[PDB]
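Participant:
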Ligand SMILES: CCCCCCCCCC(=O)CC(=O)N[C@H]1CCNC1=O
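Protein chains in written order, with the numbering used here: chain A, 13 to 223; chain B, 17 to 238.
1. Using alpha carbons as the reference points, say which of A/149, A/60 and A/180 lies closest to residue 103 of chain A.
2. Spatial neighbours of residue 23 of chain B within its chain, please: CB distance less than 6 Å, with the 5 preceding and 5 following residues excluded, ordered by chain position.
3. Give the range of the alpha helix (DSSP H) segment to which residue 202 of chain B is assigned.
4. With the cut-off set at 9 Å, would you say residue 127 of chain B and residue 18 of chain B are in Cβ contact?
5. With a 10 Å radius around its C-beta and 16 neighbouring C-beta atoms as the bar for buried, classify residue 223 of chain A as buried or exposed.
6. First and last residue of the alpha helix (DSSP H) that includes residue 140 of chain A?
7. Helix, strand or coil: how does DSSP classify residue 117 of chain A here?
8. Using a threshold of 9 Å, state whether the C-beta atoms of residue 226 of chain B and residue 141 of chain B are closer than that.
9. Compute every distance between the C-beta of residue 52 of chain B and the non-hydrogen atoms of ligand 1, then say whether any falls below 8 Å.
10. Cβ of residue 122 of chain B within 8 Å of any heavy atom in ligand 1?
11. What residues in its chain sit with their C-beta under 8 Å from that of residue 115 of chain B, if we drop five residues either side in the sequence?
12. Does the stretch 102-115 of chain B come close enough to the stretch 31-42 of chain B to have 3 or more Cβ pairs within less than 8 Å?
13. Using a C-beta cutoff of 9 Å, does residue 108 of chain B count as contacting chain A?
14. Hey, could you find the ends of the alpha helix (DSSP H) residue 198 of chain A is sitting in?
15. How long is the line joining the alpha carbons of residue 108 of chain A and residue 149 of chain A, rounded to whole angstroms?
16. Along chain B, in chain order, which residues have C-beta atoms closer than 8 Å to that of residue 138 of chain A?
17. Among A/22, A/174 and A/112, which residue has its Cα nearest to the Cα of residue 196 of chain B?
18. Is there a Cβ of chain B sitting closer than 9 Å to that of residue 62 of chain A, yes or no?
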C-alpha cells in the first residue's frame, strides 16, 4: 500500500540524456527500499536493469545508470538509443513486499509528432433494437503513441462503462486506439450530450454528438 | 543459458482455481528466489509474491494474501502458483521471474518467463453481431469520410474483417478486441473520399472461424 509514482510517458531523441524518476507516497526513498528498475520491451520481454539502488546488472549497457537523488530513485539513460524505446518500471521494497511503479513509456523520437484523428460514432439502431447501445471513438495517426481518452455524458464525466484499447502501431508507424462507451437502450435515450475527449501531448481534441 | 519456461495460455472458468508453473533451468534452483507478477493489459505490473525454494519461505503482498498460494518443486525445479476463486478481475498475464541469491535484496529481477495468459470466462462459441457505423448529419462537404463496423459479442478470438473483400484496402484501420462481460468486441473503420459514398456501396466482411460464420454488412447512410 505504498503508491510508487513514475512519469507516465517521456520523450528523448537519440544521443540525448534522460532521467526517469520514481518517488514514494511514503515520503523520501530510502537505501533500504533497494530501488530496482526493470525494462519491458515489446512482446513482454522484461530485463532487470538495476538493483540495490545503483547496481548495474551483468550485460546491461553503461548508458543505463541508477541513482538516488534526494528523496527519489532515478534511472538516467545517457547515450539514448532507439533500442531504448521501451517501458521502464521501478520497484521498491517495503520490509515485506515489493511494489512496482506504473511505469514510464520512453519514446525515442524517430519522426515528427502527429495529432490524433478522432471519430465518434452513434449507436446503430440495429444495436439499439437489442436493448443496448455503444458509442465508438476511433483514434488514429498520432505520434508519439501516448493518449488519454475521457468520456463525458451530459457535461459530466464518465468513469464506469468505458473501455480503451492501448495504442497499437499502424503500418506507417504512427499509432491507433479505440474507445467504447456502453449503456443500455434506456440510458441512451435519457441523455443528450455525448462526448469523447482524447488528449495527446497536452492538447485535447474532442468530438461530441447530440441525440 | 538461464531459462524459466511458462506455458503460454490457460483458460479457466469463473469460480474455479488454477495452478501456474514455471520451469527453471540453467542455474542452481535452490539458491535463487522466484517472484510472480500480474499484468493486466493497459496496466502495469503488480507484485504478487516471492518464494525461496530452499526452505519454504515466502513473502506475499496483502492484496493476494488468499488469492495466491506459492510452492516449489525442488526435484523437477519447477515453481508453482495456485490461484483460488478465479474471477473476471483475475484475467491477466502472469510472469514468474528469478530474484536474488540467498536471503538478501542485493540482486535483480534477472530473468523472466514469457508469461501465461490467464483468461477467465464462461463464454461459449458465439458469432459476432456486426453493426454498421455511419456518420452523422454533420455533413463533411469535404474530401473524405470515415465509416466502420462494430463487431460485438463474439468468442473466442479472433475474427477478421475486410472491406469489399480487399477491393478497398488503403486507409482501413482495425482495432484490438476488448473483453466485455465474457465476450470480445472490436471495430474497424475505413476512410474513403466524399463522392465515392454513398455513391458506391461499401461493405465490411467479417469472418469468425470458431463459429464457422461469416457475415457482410452494407453501410447505409443514417
Ligand atoms: C535490511 C533487512 C533486509 C531483509 C530482506 C530479505 C530478502 C527478501 C526476499 C527478496 O525479495 C529477494 C529478492 O529476490 N530480491 C530481488 C528482487 C529484485 N532485486 C532483488 O534483489
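For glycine and all other residues, C-beta sits at the position ideal for the given N, C-alpha and C.
Facilitator: In this structure, then:
1. For the residues A/149, A/60 and A/180, the minimum Cα distance to residue 103 of chain A belongs to A/60.
2. Beyond the five residues adjoining it in sequence on each side, residue 23 of chain B comes within less than 6 Å, by CB distance, of 132 in the same chain, given in chain order.
3. Taken as a continuous stretch (DSSP letters only), residue 202 of chain B belongs to no alpha helix (DSSP H), being part of the beta strand (DSSP E) at 199-209.
4. Result yes, Cβ atoms of residue 127 of chain B and residue 18 of chain B sit closer than 9 Å.
5. Exposed, because fewer than 16 other Cβ atoms sit within 10 Å of the Cβ of residue 223 of chain A.
6. Per DSSP, the unbroken alpha helix (DSSP H) holding residue 140 of chain A starts and ends at 137-140.
7. Note: residue 117 of chain A maps to strand in three-state DSSP.
8. Yes; because the gap between Cβ atoms is below 9 Å, this pair is in contact.
9. No, the beta carbon of residue 52 of chain B sits no closer than 8 Å to any heavy atom of ligand 1.
10. Because some heavy atom of ligand 1 lies under 8 Å away, the Cβ of residue 122 of chain B counts as near it: yes.
11. Result list for residue 115 of chain B: 48, 49, 50, 51, 66, 123, 124, 125 and 126, in chain order.
12. Touching, yes, given that three or more Cβ pairs across the two stretches are closer than 8 Å.
13. Chain A contact via Cβ: absent.
14. Where residue 198 of chain A is concerned, the enclosing alpha helix (DSSP H) stretches over 197-202.
15. Roughly 43 Å between the two C-alpha positions.
16. Those are 147 and 148, listed as they occur along chain B.
17. When each option's Cα is compared against that of residue 196 of chain B, the closest is A/174.
18. For residue 62 of chain A, the nearest CB of chain B lies under 9 Å from its own CB, placing it at the interface with that chain.
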